[PDB]
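Just so you know, all these numbers are worked out from the coordinates, no wet-lab data involved. All Cβ positions, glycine included, derive from the backbone under ideal geometry; neighbour counts span all protein chains shown.
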There are 2 protein chains.
Amino acid sequence: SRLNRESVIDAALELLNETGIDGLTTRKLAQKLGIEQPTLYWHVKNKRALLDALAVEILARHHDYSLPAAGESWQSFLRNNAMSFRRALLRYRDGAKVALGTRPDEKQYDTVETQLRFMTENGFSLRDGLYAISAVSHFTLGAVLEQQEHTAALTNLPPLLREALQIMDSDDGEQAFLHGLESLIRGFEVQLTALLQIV
Amino acid sequence: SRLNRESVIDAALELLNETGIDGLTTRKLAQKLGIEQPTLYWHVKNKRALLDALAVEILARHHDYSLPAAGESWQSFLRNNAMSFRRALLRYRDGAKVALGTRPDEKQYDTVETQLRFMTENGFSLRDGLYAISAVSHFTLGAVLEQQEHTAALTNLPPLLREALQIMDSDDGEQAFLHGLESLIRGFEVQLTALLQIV
Ligand SMILES: CN(C)[C@@H]1C(O)=C(C(N)=O)C(=O)[C@@]2(O)C(O)=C3C(=O)c4c(O)cccc4[C@@](C)(O)[C@H]3C[C@@H]12
Ligand SMILES: CN(C)[C@@H]1C(O)=C(C(N)=O)C(=O)[C@@]2(O)C(O)=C3C(=O)c4c(O)cccc4[C@@](C)(O)[C@H]3C[C@@H]12
Ligand SMILES: [Cl-]
Ligand SMILES: [Cl-]
Ligand SMILES: [Cl-]
Ligand SMILES: [Cl-]
Ligand SMILES: [Cl-]
Ligand SMILES: [Cl-]
Ligand SMILES: [Mg+2]
Ligand SMILES: [Mg+2]
């Protein structure tokens, strides 16, 4: 079938959904695409190239709150950005695993530069803004990965743990995520406010 | 060589370090152990059983701050617990990937019950204590996974991003981690303090 970049990526996401990350392979991608393996190699050199591309494209397709609204607070932007990031990572099987350890792509440069500038224009040093952005990224990735890999795994408890497991089993993870997110955002705010005060 | 549980686990961690998680296999474990594959199967049924075991044993061996000190504050316990958790996850290649989505093992029941009880004895509802514990777990896992998978990957920047990448490349990740951790802990504290007040 068609082997332009857009089409190869569509097929790879479809396969990622069916097989997960560890099961995703170029041989299986060639099969899905109805092509021989040397044909594929012309377009896709290895699994890493594919993974890097999929991490960019998953956000390009499903991460719709990458930029703050006009007049939006930094707190609100981090909240909205994190919810959007989480949704995007949850959309394909092992999506968060595909996103791990990637670095900004050239096609994302304008966008993440704006993100970083925004934090600095709200009083953060680049480092402190970066640390806030990174903590949000990390917390969100961890929460999605635990949620997803828990599912992968599924394929005389003491009382508080029993109840804790009931609590976790009662929700997809969004409740704990949204709660932890408010804690994180407010902690950043306390830090930012304090300036040189002992806090 | 010897195939008791302890020995199989030693070999599997050694192999995890050499090959990472996706490359870890029972065939390769059998090779390391100097045994045939049906011999191994008697002791280890599949890769999942091995992964579940390794997640328990990595913490058993290297997570030394699982319990609060006498009179220790909940803030200090979460801090100390998180640093210890992070160190443990960093000790083997893809350690954090091995830990993902696991649930408490029977051998950890006493310990995590104590953790949960401790939070409740400091004023948290079980749910809020759980949400705090989970946010710490998630933030720490995400930060370790990004650090580690970044390394795996390695095998006209705009100015703020250039500097941000210099900042990240200058440290192993501990600085941003410790900073984000204080933000998280203080956010929990603000929440706990507020009780029914609008906050
Ligand atoms: C907070 N939120 C989840 C962010 C986001 O919305 C992104 C996006 N594509 O819109 C990221 O790329 C974002 O998710 C993300 O992945 C970010 C990063 O990876 C980095 C890295 O690795 C190094 C320097 C700077 C960044 C960053 C500023 O681009 C990060 C922004 C992250
Ligand atoms: C915060 N810190 C990293 C904790 C920890 O020190 C643990 C340990 N072995 O000592 C965990 O097991 C700990 O790391 C961890 O993994 C915990 C959990 O997985 C769960 C799950 O999944 C469900 C209910 C309860 C727990 C928990 C209370 O046992 C969690 C405690 C985590
Ligand atoms: Cl076609
Ligand atoms: Cl074509
Ligand atoms: Cl492959
Ligand atoms: Cl021996
Ligand atoms: Cl033996
Ligand atoms: Cl295997
Ligand atoms: Mg990233
Ligand atoms: Mg866990």
Which of rounded, prolate or oblate describes segment B:48-124 when judged by the alpha-carbon gyration tensor and an a/c cut-off of 1.5?
prolate
Using a cut-off of 10 Å between beta-carbons, work out the net charge of the residues near B:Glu18 (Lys and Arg +1, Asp and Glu -1, B:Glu18 not included).
+2
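Using the number of other C-beta atoms within 10 angstrom as an exposure proxy, rank B:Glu174, B:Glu106 with the fewest first.
Placing the least packed residue first, the sequence is B:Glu106, B:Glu174.
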How big is the charge dipole of chain A about its Cα centre, in debye rounded to the nearest 20, if each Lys and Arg gets +1 on its Cβ and each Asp and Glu gets -1 on its Cβ?
580 debye
Around A:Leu145, with a cut-off of 10 angstrom between Cβ atoms, what is the net charge of the other residues, counting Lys and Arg +1 and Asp and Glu -1?
-1
Answer rounded, prolate or oblate for the protein assembly as shown, using the Cα gyration tensor with square roots of eigenvalues a ≥ b ≥ c: rounded when a/c is under 1.5, else prolate when a/b is larger than b/c, else oblate.
oblate
If you look at just the Cα atoms of segment A:66-198, how large are its Rg and its Dmax in Å?
17.1, 54
Based only on other Cβ atoms within 10 Å, what is the fewest-to-most ordering of A:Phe177, A:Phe77, B:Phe139?
A:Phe77, A:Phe177, B:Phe139
Along Cα-to-Cβ, 7 Å out, sits the label point; list in nm, shortest first, how far the one on A:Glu163 is from those in the other copies.
4.9
Of A:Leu196, A:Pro158, A:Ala53, which is farthest on the positive side of the dipole of the protein assembly as shown, counting Cα position, with +1 on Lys and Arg Cβ, -1 on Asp and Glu Cβ, and the Cα centre as origin?
A:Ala53
From the cross-link list A:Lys28/A:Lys107; A:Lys107/B:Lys28; A:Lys32/B:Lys32; A:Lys28/B:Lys107; A:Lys45/B:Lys45; A:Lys45/A:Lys97, which pairs have alpha carbons spaced over 31 Å apart?
A:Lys107/B:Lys28; A:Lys32/B:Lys32; A:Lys28/B:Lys107; A:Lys45/B:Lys45
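Where the only charges are on Cβ atoms (+1 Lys, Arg; -1 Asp, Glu), what is the dipole of segment B:27-111 about its Cα centre, to the nearest 20 debye?
Its charge dipole is roughly 520 debye.
Specify whether the C-alpha gyration tensor of segment B:1-65 places it in the rounded, prolate or oblate class, a ≥ b ≥ c being the square roots of the eigenvalues: rounded for a/c under 1.5, otherwise prolate if a/b is larger than b/c and oblate if not.
Prolate.
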Taking each label point as 7 Å beyond Cα in the direction of the beta carbon, state the distances from B:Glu106 to the same residue in the other copies, shortest first, in nm.
5.7
Do the sum for chain B: with -39,500 (n - 2.57) for every DSSP H run of n ≥ 4, divided by all residues, what is the mean residue ellipticity at 222 nm, to the nearest 500 deg cm²/dmol?
-24000 deg cm²/dmol
Given A:29-35, A:190-196, the highest-first ranking by average Cβ count within 10 Å works out to A:29-35, A:190-196
Once the label point is placed 7 Å from Cα along Cβ, list for A:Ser73 the distances to the corresponding points in the other copies, in nm, shortest first.
2.6
